[PDB]
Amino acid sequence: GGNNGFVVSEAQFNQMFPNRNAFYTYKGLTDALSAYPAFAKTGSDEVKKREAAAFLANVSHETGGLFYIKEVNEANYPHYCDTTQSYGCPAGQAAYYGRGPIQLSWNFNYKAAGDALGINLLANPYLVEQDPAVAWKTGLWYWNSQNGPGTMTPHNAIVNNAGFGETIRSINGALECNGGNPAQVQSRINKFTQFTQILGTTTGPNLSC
C-alpha cells in the first residue's frame, strides 16, 4: 500500500517552473488536489504522471511558466464581459480577464467555475488573483469538467488515452487546432514532452490536433 503521495515531487515542480511568481507554490497546488480526487490518481502510475504533466504543461503555456497571475493587456479586459448573459457582469465590465493557472476568462466561466466550487466568483472574480487556493481550484475545475472547444475533458483525454491532443483542443482548439496555429500546438507538445521526461513517464499517442 506504501507511498501514494502526489506523483509530482516538490523538486520536480521546481524544475518544471523555475521562474514562478511567489503566488504559485507546490503546497498551493497539492492542497487543491483533494477537490478533484480523481485528478492524477486514475489509472496506472504511467497514466497519473502523464496527466500531471499534461496539466502543468498547459498551465505553463497559459502563464509563461507560472510567471503571470493575471492577463497583461488591460485595454482588452472589457471584451470578457458577455452582456448576452442574464446574470451580467456584476463585478464590472472589465473584471473577467484571465487569472490564475489556467487564465480563467469570461463572465460565463467565472460563473460556471464558482458554482462548481461553491464560491461566488461572478461577484468576486478578483479572488482568483488574490487567493492561491482558489486560483488552483479554478485550474483543476477546467481540467476536470470542461470540454471547451473540444469533445471531452482534458482529464478523460489522458485517462482514456485519447491523446494530449484533445487537451489542446479543449483548451484553445478552435483557434489553434486543425491548422490554425501549428506552432503553438507544437509548443504545448514540447513542454508536455519535457514534463513527461521530468516525471519519468511517456507522452502517449495523438499528441497533436
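A residue's number is simply how far along the shown sequence it sits, counting from 1.
J.: Which has the higher mean CA temperature factor in the PDB entry, 51-59 or 36-44?
T.: Taking the mean C-alpha B-factor of 36-44 and of 51-59, the larger value falls to 36-44.
J.: Looking only at CA atoms, which has the higher mean B factor in the entry: 182-190 or 5-13?
T.: Between 5-13 and 182-190, it is 5-13 that shows the higher mean C-alpha B-factor.
J.: Ranked by Cα temperature factor within the chain, is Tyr77 in the lowest third, the middle third or the highest third?
T.: Tercile = middle for this residue's CA B-factor.
J.: Taking only the Cα B-factors deposited for this chain, tell me whether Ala174 sits in the lowest, middle or highest third.
T.: Top third by C-alpha B-factor.
J.: Could you say whether, by C-alpha temperature factor, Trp141 belongs to the lowest, middle or highest third of its chain?
T.: Answer is lowest: the recorded C-alpha B-factor places it there.
J.: Looking at the entry's B-factor column for C-alpha atoms only, identify whether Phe164 ranks in the lowest, middle or highest third of its chain.
T.: Middle third, going by the recorded CA B-factors of the chain.
J.: Where does the C-alpha B-factor of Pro154 rank in its chain, lowest, middle or highest third?
T.: CA B-factor rank for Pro154: middle third.
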